[PDB]
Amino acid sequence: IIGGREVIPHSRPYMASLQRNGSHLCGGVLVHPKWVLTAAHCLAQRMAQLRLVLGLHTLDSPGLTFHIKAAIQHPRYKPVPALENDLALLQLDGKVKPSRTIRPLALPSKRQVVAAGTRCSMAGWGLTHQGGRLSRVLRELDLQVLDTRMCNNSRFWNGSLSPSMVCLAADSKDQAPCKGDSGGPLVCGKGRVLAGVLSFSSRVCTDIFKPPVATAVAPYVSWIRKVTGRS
């Protein structure tokens, strides 16, 4: 996150850090004691060396660490140039007992619509400057949902954002999630509700003609359910 502020330590107990040899790759949100929802494009990886770390603020510090028993990509997932259905569900090789620092974020209803204008945030440990290095500490950013017809404008996403994608804006020119931030949960509204999962941008994180975009959770709540076995 470029231009975010540090979170209060442990104020977002649902954050996961998906890592490869203790090196952080993407965020993820904990949607059940045994499952973390992240972005599919994060998993283009040798799974043996992957770990989920839970309960974190400082990135180099223990936290609760889990092995992954199964990485389930959305069935209709298409990578770049498509980058469609960019979700994957990671299964923990243990089971979380909720606590003060580790706790799951609830799913939205399937009927939830994320209307333009919605006030949201987005936490992540990703880069804090173009070309730079990951954040030492979990940070956050305020994001407003823009109108999709308008992000699809030829100068912006030029037609390529589908109904399941939520287009986003900071308050400023110079704030943007960035390398390392995908998989992070977009939460919206007063009651801080799960709304999306970060997916992509363009190469320059703050590019104003390429607002960041996340995948709405609601349209995939059903699948999340079937996969996680609950209802």
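The first residue of the shown sequence is 1; numbering continues from there.
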query	finding
Segment of higher mean CA temperature factor, 43 to 51 or 26 to 34	43 to 51
151 to 159 versus 98 to 106 - which carries the larger mean C-alpha B factor in the record	98 to 106
Given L87, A82, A71, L127, the residue at which the Cα B factor reaches its maximum	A82
Ranked against its chain, the third holding the CA B-factor of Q91	lowest
CA B-factor placement of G191, once the chain's modelled residues are sorted into thirds	highest
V145 CA temperature factor, ranked by third within the chain	middle
Relative C-alpha B-factor of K179, binned into the chain's lowest, middle or highest third	middle
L134, C-alpha B-factor rank within chain (lowest, middle or highest third)	lowest
